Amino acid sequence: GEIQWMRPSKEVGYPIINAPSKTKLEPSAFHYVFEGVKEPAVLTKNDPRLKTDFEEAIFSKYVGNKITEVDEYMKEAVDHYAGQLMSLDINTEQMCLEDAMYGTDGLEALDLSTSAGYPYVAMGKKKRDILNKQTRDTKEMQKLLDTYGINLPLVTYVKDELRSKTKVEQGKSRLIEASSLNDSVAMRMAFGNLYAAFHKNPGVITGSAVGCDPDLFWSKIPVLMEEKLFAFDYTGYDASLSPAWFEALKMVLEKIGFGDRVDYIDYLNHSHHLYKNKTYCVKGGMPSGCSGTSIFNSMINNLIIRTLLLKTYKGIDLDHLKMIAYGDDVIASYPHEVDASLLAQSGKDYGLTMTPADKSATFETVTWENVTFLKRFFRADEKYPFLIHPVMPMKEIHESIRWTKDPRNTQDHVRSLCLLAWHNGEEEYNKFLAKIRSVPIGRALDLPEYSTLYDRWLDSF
């Protein structure tokens, strides 16, 4: 990922983009009943908390493009991955404009809360103005596509969320690169069935966990993995991807019946962006707000791990590489132990910055006791060990509950934290409910007791 040029959007006919300068995150009824150190992320250049330029920080994520061509190892990675995906008989057809808009099995309907993106964002028209769940009317959309045409600029917003103090002082806020409703609809028609096949098959065949339900999936993972587990996290995964990784991706798409629209992958790779009043062009890097961002990142991840393994352990048997990825996050395994640190080294050569799984000091053996996937641990249930508990640390939950964006969604927000928390055991869960009910707001919420949740879980399989 690298920015080729950036300049005043007026110099090229683009309207300045308005983005609220004030966070929507305010302390919640539970702010002083729980401990937390995170605060809202810097949204503007003026934030008094800053200790460096906001611009130099939000964009520094584009470390550059380390590789130029797709080498032999990547090519082999491609062939093998494309091989597995082949056993899914992925319907290679296109998706009728309707389904792409209002869903179908394996794919949800478009989200009405996310930006409509350019031009609509600068014209004033929202997503409710075009779509309409009731009739599934293609017309308004179908018309708008012809008017403004696909492959449209991405609107860049700073993400309004909680972040550690350091990441606040160093201006390490995160950006949201939003695609026009058009682009998003085009892609969902182009790759719609691909998405559906992935959503319906989380596991080691797709090597993706997208669309998964942790309460059920965690019990299916251990069985899918090989004897030895290995893991690591990337730093700036999305923005570090070089153009070559997108080409490898197109090669996979080509091999499974999508050579047709591999062009779309080109816009993810070489993209046009609008942030505030400035405009820039980015070579490489996966944008965050596109249709498929999540899935395409997982496919590339499947290519990366394969590549690093082929270049570090000539003769490794990829047929016994059992991995599952969710964008940058990944959990993998092999019949034999491997050196994650060594793999990390090869990673740099491919433009990836890999470090010990879970901010550890150094690479240490990965076990079922210490491995995490999506911030969650794996813990077999006391009474029935064949059922695995996806365990989200309480700290994460404590951090989330101390803040709010809308008092109206307090019920749903806390209920959600409850569905994550109870896996930490009945004792912990009850303390959590107790503190919640130690203030007026909490006592008025309808929260499920432990027994109710644990029983529902047991019968869900």
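Note that residue numbering follows the sequence shown and begins at 1.
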With reference to the PDB entry, specify whether the mean Cα temperature factor is higher for 283-291 or for 127-135.
127-135
Looking at the deposited entry, does 435-443 or 9-17 carry the larger mean Cα B-factor?
9-17
Which is it among 28, 65, 60, 52: the one with the largest CA B-factor in the entry?
52
Among 197, 248, 331, 109, which carries the highest Cα B-factor?
109
Taking the C-alpha B-factors as the PDB entry records them, is residue 167 in the lowest, middle or highest third of its chain?
highest
Going by the entry, which third of its chain does the Cα temperature factor of residue 399 land in?
lowest
Temperature factor at the Cα of residue 347, chain-ranked in thirds, falls in the middle
Ranked C-alpha temperature factor of residue 43 among modelled chain residues, by third:
highest
What third of the chain does residue 143 rank in for C-alpha temperature factor, lowest, middle or highest?
highest
